[PDB]
>>> print(open('target-v5.cif').read())   # mmCIF, C-alpha atoms and all ligand atoms
data_input
#
loop_
_atom_site.label_atom_id
_atom_site.label_comp_id
_atom_site.auth_asym_id
_atom_site.auth_seq_id
_atom_site.Cartn_x
_atom_site.Cartn_y
_atom_site.Cartn_z
CA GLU A 1 0.00 0.00 0.00
CA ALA A 2 1.30 3.45 -0.93
CA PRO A 3 1.59 6.33 1.60
CA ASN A 4 -1.06 9.04 1.24
CA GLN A 5 1.07 12.20 1.25
CA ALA A 6 -1.85 14.49 0.47
CA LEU A 7 -1.53 17.81 2.28
CA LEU A 8 -4.34 19.04 4.55
CA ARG A 9 -4.55 22.82 4.55
CA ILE A 10 -5.97 24.50 7.64
CA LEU A 11 -7.48 27.93 7.06
CA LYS A 12 -7.93 31.08 9.14
CA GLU A 13 -11.57 31.94 9.76
CA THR A 14 -10.80 35.59 9.02
CA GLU A 15 -9.81 34.63 5.44
CA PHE A 16 -13.47 33.80 4.57
CA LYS A 17 -16.44 36.08 3.83
CA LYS A 18 -19.71 34.04 3.85
CA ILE A 19 -21.88 35.62 1.15
CA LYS A 20 -25.18 33.75 1.64
CA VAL A 21 -26.71 30.40 2.56
CA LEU A 22 -26.55 27.83 -0.23
CA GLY A 23 -28.56 25.15 1.55
CA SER A 24 -29.44 23.70 4.93
CA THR A 25 -25.41 24.39 6.57
CA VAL A 26 -23.45 25.04 3.33
CA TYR A 27 -22.65 28.67 2.49
CA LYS A 28 -21.41 30.49 -0.58
CA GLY A 29 -18.50 32.86 -0.08
CA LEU A 30 -15.06 34.22 -0.91
CA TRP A 31 -11.78 32.85 0.37
CA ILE A 32 -8.96 35.39 0.36
CA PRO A 33 -5.60 33.78 1.25
CA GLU A 34 -1.74 36.72 -2.04
CA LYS A 35 -3.84 39.01 -4.24
CA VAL A 36 -6.46 36.38 -5.07
CA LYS A 37 -10.19 36.00 -4.29
CA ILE A 38 -11.34 32.38 -4.48
CA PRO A 39 -15.09 31.66 -4.76
CA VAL A 40 -15.88 28.79 -2.38
CA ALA A 41 -18.55 26.68 -0.75
CA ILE A 42 -18.30 26.32 3.04
CA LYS A 43 -19.84 23.37 4.90
CA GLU A 44 -20.52 24.12 8.60
CA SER A 45 -21.64 16.61 18.28
CA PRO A 46 -18.68 14.18 18.13
CA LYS A 47 -20.24 11.88 15.50
CA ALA A 48 -20.95 14.80 13.17
CA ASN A 49 -17.34 16.03 13.41
CA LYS A 50 -15.91 12.57 12.71
CA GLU A 51 -17.92 12.42 9.49
CA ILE A 52 -16.92 15.76 8.05
CA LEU A 53 -13.24 15.00 8.73
CA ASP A 54 -13.69 11.77 6.75
CA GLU A 55 -14.86 13.83 3.80
CA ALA A 56 -11.86 16.16 4.02
CA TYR A 57 -9.56 13.13 4.04
CA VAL A 58 -10.99 11.80 0.76
CA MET A 59 -11.25 15.19 -0.93
CA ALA A 60 -7.71 16.20 0.02
CA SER A 61 -6.55 12.93 -1.54
CA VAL A 62 -8.06 13.39 -4.99
CA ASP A 63 -6.80 15.65 -7.77
CA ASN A 64 -8.67 15.37 -11.06
CA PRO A 65 -10.58 17.72 -13.42
CA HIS A 66 -13.84 15.84 -12.86
CA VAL A 67 -13.58 15.40 -9.10
CA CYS A 68 -14.29 18.11 -6.54
CA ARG A 69 -11.29 19.57 -4.75
CA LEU A 70 -10.73 20.43 -1.10
CA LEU A 71 -9.32 23.85 -0.41
CA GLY A 72 -9.03 23.40 3.33
CA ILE A 73 -10.71 22.95 6.65
CA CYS A 74 -11.18 25.54 9.38
CA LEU A 75 -11.07 24.50 13.05
CA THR A 76 -13.51 26.88 14.74
CA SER A 77 -16.55 26.14 16.92
CA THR A 78 -17.57 23.45 14.46
CA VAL A 79 -15.52 21.99 11.62
CA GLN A 80 -15.84 23.75 8.25
CA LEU A 81 -15.23 22.18 4.84
CA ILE A 82 -14.07 24.70 2.25
CA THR A 83 -14.38 23.48 -1.33
CA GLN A 84 -14.56 25.04 -4.76
CA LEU A 85 -17.83 26.82 -5.51
CA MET A 86 -19.68 25.23 -8.41
CA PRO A 87 -21.89 28.16 -9.43
CA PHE A 88 -24.45 26.27 -11.53
CA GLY A 89 -25.52 23.85 -8.81
CA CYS A 90 -25.92 20.10 -8.85
CA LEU A 91 -26.65 18.37 -12.13
CA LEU A 92 -30.03 17.03 -10.96
CA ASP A 93 -31.50 20.45 -10.28
CA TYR A 94 -29.88 21.75 -13.49
CA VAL A 95 -31.53 19.26 -15.87
CA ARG A 96 -34.87 19.71 -14.11
CA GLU A 97 -34.62 23.50 -14.42
CA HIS A 98 -33.34 23.64 -18.01
CA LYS A 99 -35.34 20.71 -19.43
CA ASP A 100 -36.13 22.67 -22.62
CA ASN A 101 -32.52 23.79 -23.22
CA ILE A 102 -30.26 20.71 -22.87
CA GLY A 103 -28.77 19.55 -26.14
CA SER A 104 -27.73 16.00 -26.96
CA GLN A 105 -24.10 17.20 -27.02
CA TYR A 106 -24.28 18.44 -23.44
CA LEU A 107 -25.84 15.20 -22.20
CA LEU A 108 -23.30 12.92 -23.86
CA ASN A 109 -20.35 15.10 -22.70
CA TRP A 110 -21.56 15.00 -19.07
CA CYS A 111 -21.66 11.19 -19.33
CA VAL A 112 -18.05 11.25 -20.55
CA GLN A 113 -16.94 13.60 -17.79
CA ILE A 114 -18.67 11.69 -15.01
CA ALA A 115 -17.12 8.46 -16.33
CA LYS A 116 -13.68 10.15 -16.49
CA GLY A 117 -13.90 11.12 -12.82
CA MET A 118 -15.15 7.67 -11.85
CA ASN A 119 -12.24 6.16 -13.76
CA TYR A 120 -9.88 8.41 -11.81
CA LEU A 121 -11.45 7.25 -8.53
CA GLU A 122 -10.89 3.63 -9.60
CA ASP A 123 -7.24 4.50 -10.34
CA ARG A 124 -6.99 5.76 -6.75
CA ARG A 125 -8.59 2.46 -5.50
CA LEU A 126 -11.60 4.30 -4.14
CA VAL A 127 -15.30 3.34 -4.15
CA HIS A 128 -17.79 6.22 -4.23
CA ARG A 129 -20.94 4.35 -3.05
CA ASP A 130 -23.20 7.39 -3.56
CA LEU A 131 -22.94 8.26 -7.25
CA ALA A 132 -26.10 10.14 -8.24
CA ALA A 133 -27.09 13.11 -10.37
CA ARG A 134 -27.64 15.03 -7.11
CA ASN A 135 -23.92 14.51 -6.30
CA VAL A 136 -22.52 15.83 -9.61
CA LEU A 137 -21.84 19.55 -9.55
CA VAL A 138 -21.74 21.95 -12.49
CA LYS A 139 -18.84 24.40 -12.76
CA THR A 140 -19.93 25.54 -16.21
CA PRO A 141 -22.46 23.76 -18.44
CA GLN A 142 -19.32 22.50 -20.21
CA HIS A 143 -17.60 21.25 -17.04
CA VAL A 144 -19.03 19.00 -14.31
CA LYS A 145 -17.36 17.30 -11.33
CA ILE A 146 -18.20 14.38 -9.04
CA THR A 147 -18.66 15.32 -5.39
CA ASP A 148 -20.03 14.12 -2.02
CA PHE A 149 -17.61 11.60 -0.55
CA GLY A 150 -19.29 11.04 2.82
CA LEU A 151 -19.71 7.35 1.92
CA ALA A 152 -16.46 6.89 0.00
CA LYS A 153 -14.30 3.90 0.98
CA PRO A 154 -29.87 5.16 -1.30
CA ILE A 155 -31.67 2.02 -2.29
CA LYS A 156 -32.64 2.95 -5.82
CA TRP A 157 -29.07 3.67 -7.03
CA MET A 158 -27.40 0.60 -5.52
CA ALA A 159 -26.17 -2.49 -7.30
CA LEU A 160 -28.27 -5.53 -6.42
CA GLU A 161 -25.27 -7.15 -4.72
CA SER A 162 -24.98 -4.04 -2.52
CA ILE A 163 -28.64 -4.20 -1.47
CA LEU A 164 -28.40 -7.92 -0.75
CA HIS A 165 -24.87 -8.41 0.56
CA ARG A 166 -23.57 -4.94 1.58
CA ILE A 167 -20.90 -5.54 -1.10
CA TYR A 168 -19.44 -2.47 -2.83
CA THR A 169 -16.89 -2.55 -5.64
CA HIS A 170 -16.00 -0.25 -8.51
CA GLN A 171 -18.46 -2.40 -10.44
CA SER A 172 -21.18 -1.57 -7.93
CA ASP A 173 -20.30 2.05 -8.73
CA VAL A 174 -20.85 1.35 -12.44
CA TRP A 175 -24.39 0.27 -11.60
CA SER A 176 -24.94 3.64 -9.91
CA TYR A 177 -23.38 5.35 -12.91
CA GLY A 178 -26.11 3.54 -14.89
CA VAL A 179 -28.94 4.97 -12.76
CA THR A 180 -27.26 8.39 -12.86
CA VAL A 181 -27.17 8.44 -16.67
CA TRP A 182 -30.86 7.57 -16.63
CA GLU A 183 -31.60 10.55 -14.39
CA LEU A 184 -29.94 12.77 -17.00
CA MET A 185 -31.70 11.20 -20.02
CA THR A 186 -35.13 11.51 -18.38
CA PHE A 187 -34.38 15.16 -17.40
CA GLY A 188 -34.46 14.43 -13.68
CA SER A 189 -37.11 11.75 -13.19
CA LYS A 190 -37.16 9.81 -9.94
CA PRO A 191 -35.92 6.20 -10.30
CA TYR A 192 -38.77 3.82 -9.53
CA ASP A 193 -41.20 6.60 -8.69
CA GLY A 194 -43.80 5.35 -6.25
CA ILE A 195 -42.04 2.00 -5.79
CA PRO A 196 -41.15 1.71 -2.08
CA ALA A 197 -37.52 0.97 -1.33
CA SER A 198 -38.35 -2.31 0.41
CA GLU A 199 -39.50 -3.63 -2.99
CA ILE A 200 -36.43 -2.73 -5.08
CA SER A 201 -34.65 -5.91 -3.99
CA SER A 202 -37.23 -8.36 -5.37
CA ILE A 203 -37.97 -6.40 -8.56
CA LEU A 204 -34.34 -6.52 -9.67
CA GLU A 205 -34.19 -10.26 -9.03
CA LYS A 206 -37.23 -10.72 -11.31
CA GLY A 207 -35.17 -9.23 -14.17
CA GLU A 208 -36.89 -5.82 -14.35
CA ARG A 209 -34.89 -2.60 -14.86
CA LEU A 210 -35.58 1.10 -15.44
CA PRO A 211 -37.32 1.80 -18.77
CA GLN A 212 -35.90 3.24 -21.95
CA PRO A 213 -35.90 7.05 -21.71
CA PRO A 214 -37.70 8.80 -24.59
CA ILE A 215 -34.74 10.70 -26.06
CA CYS A 216 -32.67 7.50 -25.98
CA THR A 217 -31.69 5.46 -28.98
CA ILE A 218 -31.31 1.76 -28.25
CA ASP A 219 -27.54 2.40 -28.45
CA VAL A 220 -27.60 4.62 -25.35
CA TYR A 221 -30.22 2.58 -23.48
CA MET A 222 -28.28 -0.65 -24.07
CA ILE A 223 -25.28 0.90 -22.32
CA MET A 224 -27.45 1.62 -19.27
CA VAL A 225 -28.75 -1.95 -19.41
CA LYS A 226 -25.18 -3.31 -19.42
CA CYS A 227 -24.48 -1.33 -16.23
CA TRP A 228 -27.35 -3.31 -14.65
CA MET A 229 -26.14 -6.89 -15.25
CA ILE A 230 -26.49 -9.06 -12.19
CA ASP A 231 -23.00 -10.42 -12.97
CA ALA A 232 -20.77 -7.55 -11.79
CA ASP A 233 -17.88 -8.65 -14.06
CA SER A 234 -20.14 -8.37 -17.13
CA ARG A 235 -20.71 -4.67 -16.48
CA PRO A 236 -18.72 -2.18 -18.56
CA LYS A 237 -15.55 -0.67 -17.17
CA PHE A 238 -15.49 3.03 -16.44
CA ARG A 239 -12.73 3.29 -19.07
CA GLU A 240 -14.91 1.61 -21.69
CA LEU A 241 -17.75 4.00 -20.83
CA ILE A 242 -15.42 6.95 -21.56
CA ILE A 243 -14.55 5.44 -24.95
CA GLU A 244 -18.16 4.63 -25.86
CA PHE A 245 -19.73 7.92 -24.86
CA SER A 246 -16.84 9.72 -26.58
CA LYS A 247 -17.62 8.08 -29.90
CA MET A 248 -21.24 9.08 -29.39
CA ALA A 249 -20.44 12.69 -28.55
CA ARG A 250 -18.78 12.95 -31.97
CA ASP A 251 -22.26 12.59 -33.54
CA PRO A 252 -24.71 13.41 -30.76
CA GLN A 253 -27.95 13.52 -32.75
CA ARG A 254 -27.52 9.96 -34.04
CA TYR A 255 -27.85 8.82 -30.40
CA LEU A 256 -30.02 11.31 -28.51
CA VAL A 257 -33.26 12.43 -30.16
CA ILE A 258 -34.42 15.75 -28.67
CA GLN A 259 -36.94 18.29 -29.98
CA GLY A 260 -35.08 21.49 -30.75
CA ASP A 261 -31.53 20.20 -31.11
CA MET A 262 -14.41 41.42 -8.46
CA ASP A 263 -10.89 42.03 -9.91
CA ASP A 264 -8.46 39.51 -8.37
CA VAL A 265 -11.02 36.70 -8.66
CA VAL A 266 -9.61 33.25 -9.51
CA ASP A 267 -11.39 29.91 -9.87
CA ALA A 268 -9.95 27.21 -7.59
CA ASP A 269 -8.92 25.38 -10.79
CA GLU A 270 -6.33 28.13 -11.36
CA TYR A 271 -5.09 28.35 -7.75
CA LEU A 272 -2.51 25.55 -7.80
CA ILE A 273 -0.70 25.95 -4.46
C1 LIG B 301 -28.20 20.04 -5.97
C2 LIG B 301 -27.97 20.72 -4.79
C3 LIG B 301 -26.84 21.74 -4.95
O1 LIG B 301 -25.73 21.38 -4.79
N1 LIG B 301 -27.18 23.12 -5.31
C4 LIG B 301 -26.26 24.26 -5.50
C5 LIG B 301 -24.88 24.17 -5.41
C6 LIG B 301 -24.06 25.30 -5.59
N2 LIG B 301 -22.59 25.26 -5.51
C7 LIG B 301 -21.85 24.31 -4.69
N3 LIG B 301 -20.55 24.16 -4.87
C8 LIG B 301 -19.89 23.29 -4.12
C9 LIG B 301 -20.54 22.54 -3.13
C10 LIG B 301 -21.90 22.75 -2.98
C11 LIG B 301 -22.75 21.99 -1.94
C12 LIG B 301 -22.33 20.92 -1.16
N4 LIG B 301 -23.37 20.55 -0.39
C13 LIG B 301 -24.45 21.35 -0.65
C14 LIG B 301 -25.76 21.35 -0.10
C15 LIG B 301 -26.70 22.28 -0.53
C16 LIG B 301 -26.36 23.22 -1.51
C17 LIG B 301 -25.07 23.21 -2.05
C18 LIG B 301 -24.11 22.26 -1.62
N5 LIG B 301 -22.49 23.62 -3.76
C19 LIG B 301 -24.64 26.52 -5.89
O2 LIG B 301 -23.81 27.64 -6.08
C20 LIG B 301 -24.51 28.81 -6.46
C21 LIG B 301 -26.03 26.63 -5.99
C22 LIG B 301 -26.83 25.51 -5.79
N6 LIG B 301 -28.28 25.65 -5.93
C23 LIG B 301 -28.86 25.86 -7.26
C24 LIG B 301 -29.19 25.58 -4.77
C25 LIG B 301 -30.38 24.67 -5.17
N7 LIG B 301 -31.11 24.22 -3.97
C26 LIG B 301 -30.46 23.02 -3.42
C27 LIG B 301 -31.08 25.30 -2.96
#
>>> encode(input="target-v5.cif", output="structure tokens")
Amino acid sequence: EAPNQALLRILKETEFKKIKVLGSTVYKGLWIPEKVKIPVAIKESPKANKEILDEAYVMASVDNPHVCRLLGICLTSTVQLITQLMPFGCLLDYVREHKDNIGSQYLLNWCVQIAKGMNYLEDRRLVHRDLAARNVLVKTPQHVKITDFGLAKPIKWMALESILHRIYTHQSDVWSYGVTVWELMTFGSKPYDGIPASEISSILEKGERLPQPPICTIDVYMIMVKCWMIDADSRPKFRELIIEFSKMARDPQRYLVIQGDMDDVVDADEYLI
């Protein structure tokens, strides 16, 4: 096993200016270390603290264009996570809100980017366990990143072997990648809407899966179906998913059928301490 020499930066509370509440608490704000203003998100009992420090550990250990980056922690009254602000929100809200504006090219490119980040996480021998459209953040419509590592080592995103046997592999992640692509292609529909979680186990054993989304050629829907094989080893590899969705993004409309187809500010992606 190789030593994890990731650095953990600890930040002064007086370096932040919380701008407003993003959700509840996670705030939006500016981090001023150097003549630079970094736009950031800021996540504010003993069990609670042990679980945010776990997230910092994972996030400080990853470095990839399609994974979310830690900027630091702050050790005040509670623990604060400081990450890069993704100004367009999570991808689930974004497809819901811009239903009538997403082109086939954007959808296929997101599937490539999410698969690229998952492939990176496999490189780093790391299992996400909570891949979902709600946990993919949008930096620009052109650039998305995987986030939320509270489970890194939800019934309706889990491989069947995870529901039955509490078994998680990179191939159980590919199953969740499958469900996540289906969220995108249905513009934010809820997987198994109405179906109570207690039932998901037996349904999947009976051979049923999520249905073909309307904009989806059989080419795209067959890739989702392959992510849902009961035999984990028969599921596609995250690196084959990159290849396949890449070839599709070269000709998006053959595969997705859609009607109508502040002065010293620096994105965290350009602050490379
Ligand atoms: C889908 C929920 C969401 O994330 N919405 C969101 C996110 C950001 N930017 C951002 N950047 C990095 C991390 C986070 C983050 C981490 N946990 C949470 C929890 C709640 C909200 C954000 C979180 N977020 C936005 O920047 C402007 C906006 C935004 N929106 C659109 C809020 C939508 N609902 C959830 C309030």
>>> closest_atom_pairs(input="target-v5.cif", of="chain A", to="ligand LIG 301 (chain B)", cutoff="10 Å", atoms="all atoms listed in the file", output="Markdown table")
| residue | atom | partner | partner_atom | distance |
| --- | --- | --- | --- | --- |
| A:20 | CA | B:LIG301 | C20 | 9.5 |
| A:21 | CA | B:LIG301 | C16 | 8.3 |
| A:22 | CA | B:LIG301 | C16 | 4.8 |
| A:23 | CA | B:LIG301 | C15 | 4.0 |
| A:24 | CA | B:LIG301 | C15 | 6.3 |
| A:25 | CA | B:LIG301 | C14 | 7.3 |
| A:26 | CA | B:LIG301 | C13 | 5.5 |
| A:27 | CA | B:LIG301 | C17 | 7.5 |
| A:28 | CA | B:LIG301 | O2 | 6.6 |
| A:29 | CA | B:LIG301 | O2 | 9.6 |
| A:39 | CA | B:LIG301 | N3 | 9.3 |
| A:40 | CA | B:LIG301 | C8 | 7.0 |
| A:41 | CA | B:LIG301 | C8 | 5.0 |
| A:42 | CA | B:LIG301 | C9 | 7.6 |
| A:43 | CA | B:LIG301 | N4 | 7.0 |
| A:68 | CA | B:LIG301 | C8 | 8.0 |
| A:69 | CA | B:LIG301 | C8 | 9.4 |
| A:81 | CA | B:LIG301 | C12 | 9.4 |
| A:82 | CA | B:LIG301 | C9 | 8.7 |
| A:83 | CA | B:LIG301 | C8 | 6.2 |
| A:84 | CA | B:LIG301 | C8 | 5.6 |
| A:85 | CA | B:LIG301 | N3 | 3.9 |
| A:86 | CA | B:LIG301 | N3 | 3.8 |
| A:87 | CA | B:LIG301 | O2 | 3.9 |
| A:88 | CA | B:LIG301 | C19 | 5.6 |
| A:89 | CA | B:LIG301 | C4 | 3.4 |
| A:90 | CA | B:LIG301 | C1 | 3.7 |
| A:91 | CA | B:LIG301 | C1 | 6.6 |
| A:92 | CA | B:LIG301 | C1 | 6.1 |
| A:93 | CA | B:LIG301 | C1 | 5.4 |
| A:94 | CA | B:LIG301 | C23 | 7.5 |
| A:97 | CA | B:LIG301 | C23 | 9.5 |
| A:133 | CA | B:LIG301 | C1 | 8.3 |
| A:134 | CA | B:LIG301 | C1 | 5.2 |
| A:135 | CA | B:LIG301 | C1 | 7.0 |
| A:136 | CA | B:LIG301 | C1 | 8.0 |
| A:137 | CA | B:LIG301 | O1 | 6.4 |
| A:138 | CA | B:LIG301 | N2 | 7.8 |
| A:139 | CA | B:LIG301 | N3 | 8.1 |
| A:145 | CA | B:LIG301 | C8 | 9.7 |
| A:147 | CA | B:LIG301 | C9 | 7.8 |
| A:148 | CA | B:LIG301 | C12 | 7.2 |
>>> write_last_selection(input="target-v5.cif", atoms="C-alpha atoms", output="short mmCIF file (atom, residue, chain, number, x, y, z; two decimals), in the coordinates of the input")
data_model
loop_
_atom_site.label_atom_id
_atom_site.label_comp_id
_atom_site.auth_asym_id
_atom_site.auth_seq_id
_atom_site.Cartn_x
_atom_site.Cartn_y
_atom_site.Cartn_z
CA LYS A 20 -25.18 33.75 1.64
CA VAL A 21 -26.71 30.40 2.56
CA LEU A 22 -26.55 27.83 -0.23
CA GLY A 23 -28.56 25.15 1.55
CA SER A 24 -29.44 23.70 4.93
CA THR A 25 -25.41 24.39 6.57
CA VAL A 26 -23.45 25.04 3.33
CA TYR A 27 -22.65 28.67 2.49
CA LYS A 28 -21.41 30.49 -0.58
CA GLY A 29 -18.50 32.86 -0.08
CA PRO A 39 -15.09 31.66 -4.76
CA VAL A 40 -15.88 28.79 -2.38
CA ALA A 41 -18.55 26.68 -0.75
CA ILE A 42 -18.30 26.32 3.04
CA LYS A 43 -19.84 23.37 4.90
CA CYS A 68 -14.29 18.11 -6.54
CA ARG A 69 -11.29 19.57 -4.75
CA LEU A 81 -15.23 22.18 4.84
CA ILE A 82 -14.07 24.70 2.25
CA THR A 83 -14.38 23.48 -1.33
CA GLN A 84 -14.56 25.04 -4.76
CA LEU A 85 -17.83 26.82 -5.51
CA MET A 86 -19.68 25.23 -8.41
CA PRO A 87 -21.89 28.16 -9.43
CA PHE A 88 -24.45 26.27 -11.53
CA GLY A 89 -25.52 23.85 -8.81
CA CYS A 90 -25.92 20.10 -8.85
CA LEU A 91 -26.65 18.37 -12.13
CA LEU A 92 -30.03 17.03 -10.96
CA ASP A 93 -31.50 20.45 -10.28
CA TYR A 94 -29.88 21.75 -13.49
CA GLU A 97 -34.62 23.50 -14.42
CA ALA A 133 -27.09 13.11 -10.37
CA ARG A 134 -27.64 15.03 -7.11
CA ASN A 135 -23.92 14.51 -6.30
CA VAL A 136 -22.52 15.83 -9.61
CA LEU A 137 -21.84 19.55 -9.55
CA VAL A 138 -21.74 21.95 -12.49
CA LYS A 139 -18.84 24.40 -12.76
CA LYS A 145 -17.36 17.30 -11.33
CA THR A 147 -18.66 15.32 -5.39
CA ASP A 148 -20.03 14.12 -2.02
#
>>> atom_distance(input="target-v5.cif", atom1="CA of residue 182 in chain A", atom2="CA of residue 64 in chain A")
24.2 Å
>>> residues_around(input="target-v5.cif", residues="residue 157 in chain A", least_positions_apart="5", cutoff="9 Å", atoms="only C-alpha atoms", output="list in words")
residues 130, 131, 132, 175, 176, 177, 178, 179, 180 and 191 of chain A
>>> residues_around(input="target-v5.cif", residues="range 217-226 of chain A", least_positions_apart="5", cutoff="9 Å", atoms="all atoms listed in the file", output="PyMOL selection string")
chain A and resi 175+177-179+181-182+209-212+234-236+241+244-245+248+254-257
>>> residues_around(input="target-v5.cif", residues="residue 202 in chain A", least_positions_apart="5", cutoff="10 Å", atoms="all atoms listed in the file", output="ChimeraX atom specification")
/A:160,164,207-208
